[PDB]
2 protein chains.
Amino acid sequence: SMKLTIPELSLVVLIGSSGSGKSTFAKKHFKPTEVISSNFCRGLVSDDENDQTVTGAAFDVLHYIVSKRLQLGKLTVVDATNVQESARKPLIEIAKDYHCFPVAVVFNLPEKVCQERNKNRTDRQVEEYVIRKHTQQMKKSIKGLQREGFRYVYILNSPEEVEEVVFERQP
Amino acid sequence: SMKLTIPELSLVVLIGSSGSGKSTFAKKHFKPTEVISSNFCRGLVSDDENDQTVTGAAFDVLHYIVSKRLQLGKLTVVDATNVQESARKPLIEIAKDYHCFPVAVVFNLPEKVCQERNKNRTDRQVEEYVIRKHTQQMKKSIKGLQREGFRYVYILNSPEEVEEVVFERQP
DNA sequence: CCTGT
DNA sequence: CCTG
Ligand SMILES: Nc1nc2c(ncn2[C@@H]2O[C@H](COP(=O)(O)OP(=O)(O)OP(=O)(O)O)[C@@H](O)[C@H]2O)c(=O)[nH]1
Ligand SMILES: Nc1nc2c(ncn2[C@@H]2O[C@H](COP(=O)(O)OP(=O)(O)OP(=O)(O)O)[C@@H](O)[C@H]2O)c(=O)[nH]1
Ligand SMILES: [Mg+2]
Ligand SMILES: [Mg+2]
């Protein structure tokens with residue numbers, strides 16, 4: 001298996017293009033309340049998880065919930081693309097404020113896999129150019145993650161590696 | 001600082017070209033008996049740390065010492081280039097034999113930096129082609145380290161990052 | 001340096 | 001999708 005060690009008090013930041021399987025992954029490995037999703041927050045503020053015009057409010061809400069959880073010492077997983085440094089920056093800062101270990105889990109999957117999954121989705125889709133861009137941003141992000149403040153950086157390089165992941169939570 | 005978390009029982013594998021500063025780094029961060037060096041082993045078997053013809057015997061000795069230490073539950077740092085997969089393979093296997101966690105620390109420095117340092121050494125030098133080769137092998141190695149069995153993979157991307165390292169030995 | 005042979 |  002692919003064992004990923006994380007401390008009991010972690011902020012797990014999922015990094016991946018739309019279609020890379022972040023939400024599917026989060027549901028398999030974590031409790032529902034441990035996972036806070038940017039799309040869910042778009043729904044919380046606007047009724048519409050697909051409404052990009054409420055992104056600002058959605059991430060304000062996400063960051064707020066993350067802060068409340070870390071204040072209470074609860075492990076939290078951020079289910080958003082997190083492919084822009086500007087998106088990861090405030091998450092690292094919140095983790096620092098509450099002495100929480102930031103962990104990066106990167107879905108380094110081929111653009112074509114994400115595009116294929118997106119084409120076959122029935123829940124929500126994005127345009128092809130979005131996935132092309134997210135994949136490029138994800139790839140450019142990998143080198144600098146440790147320096148950004150991620151204490152553990154785990155890169156998953158194929159669907160096979162994603163499937164094999166087992167988290168080892170250390171108390 | 002660049003905080004690198006490692007378990008009390010770790011096999012820390014330094015990965016870097018000649019001239020990348022492995023031995024300097026090892027002395028700064030670890031007690032002498034925690035560090036086992038391939039060049040020191042060349043000296044043990046032949047009187048000459050620079051004798052490349054005794055490489056087989058030197059690594060036999062290094063592996064034997066690593067095995068004894070991990071068996072005794074002692075943190076161990078391997079100071080060798082470790083830029084070939086075939087070199088890392090037995091280290092991972094010995095770690096697994098004794099339920100020890102392998103940690104990779106990669107000196108991902110520009111070839112030019114290593115060459116300049118090499119040029120100014122008075123203790124021992126290698127030819128430029130050696131460093132060019134080591135650097136290429138190091139860079140080609142990075143992606144696959146987690147899959148090889150390294151439970152923690154830390155990549156240092158500049159002399160500034162190397163200098164900033166602080167190990168956090170979790171009990 | 002896990003060896004330009 | 002932190003909005004080409
Ligand atoms: N075959 C296969 N399909 C998967 C896997 N993971 C996710 N999928 C499918 O890919 C599609 C996208 O998966 P999601 O988990 O929603 O992807 P996401 O990264 O959360 O995408 P966004 O929310 O748009 O950012 C879904 O229809 C899944 O059923 C996988 O591991 N294997
Ligand atoms: N400026 C600077 N010089 C360094 C640093 N680390 C090592 N050096 C110099 O670079 C040269 C090589 O350093 P070593 O620690 O011996 O490098 P190594 O990786 O062990 O090299 P090999 O034993 O040949 O594989 C030495 O002369 C060091 O003094 C550093 O962090 N900063
Ligand atoms: Mg999702
Ligand atoms: Mg050395």
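FYI, side chains are in, hydrogens and waters are out, and symmetry mates aren't considered; it's all heavy atoms of this structure. Chain naming here is simple, since letters A, B, ... match the order of the sequence lines and numbering starts at 1 in each.
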Could you tell me whether [X] and [Y] have their ring centroids closer than 6.0 angstrom?
X      : Y      : value
B:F30  : B:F25  : no
B:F101 : B:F150 : no
B:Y154 : A:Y154 : no

Over all strands shown, is [X] touching base, sugar-phosphate only, or nothing at heavy-atom distances under 4.0 angstrom?
X      : result
A:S17  : nothing
A:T81  : sugar-phosphate
B:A80  : sugar-phosphate
A:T53  : base
B:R132 : nothing

So, does [X] get its side chain near the phosphate of [N], meaning an N or O under 4.0 Å from OP1 or OP2?
X     : N     : value
B:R42 : C:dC2 : yes
B:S86 : C:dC2 : no
B:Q84 : C:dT3 : yes

Rounding to an integer number of Å, can you tell me how far [X] [atom1] sits from [N] [atom2]?
X      : N     : atom1 : atom2 : value
A:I36  : D:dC2 : CD1   : P     : 13 Å
A:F59  : D:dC1 : CZ    : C1'   : 8 Å
B:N50  : C:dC1 : CG    : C1'   : 9 Å
B:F40  : C:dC1 : CZ    : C1'   : 18 Å
A:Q137 : D:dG4 : CD    : P     : 11 Å
A:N39  : D:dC1 : CG    : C1'   : 7 Å
B:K133 : C:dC1 : NZ    : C1'   : 8 Å
B:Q136 : C:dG4 : CD    : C1'   : 14 Å

Counting side-chain heavy atoms from C-beta on, which of D:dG4, C:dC1, D:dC2 comes nearest to A:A87?
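The closest nucleotide is D:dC2.
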Closest listed nucleotide, where the reference is the side chain of B:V130 and the choices are C:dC1, C:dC2, D:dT3:
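Of the candidates, C:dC1 comes closest.
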Identify whether the distance between the nearest side-chain nitrogen and carboxylate oxygen of A:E111 and A:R117 falls below 4.0 Å.
no
Just checking, any donor-acceptor pair under 3.5 angstrom between side chains of A:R88 and A:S141?
yes
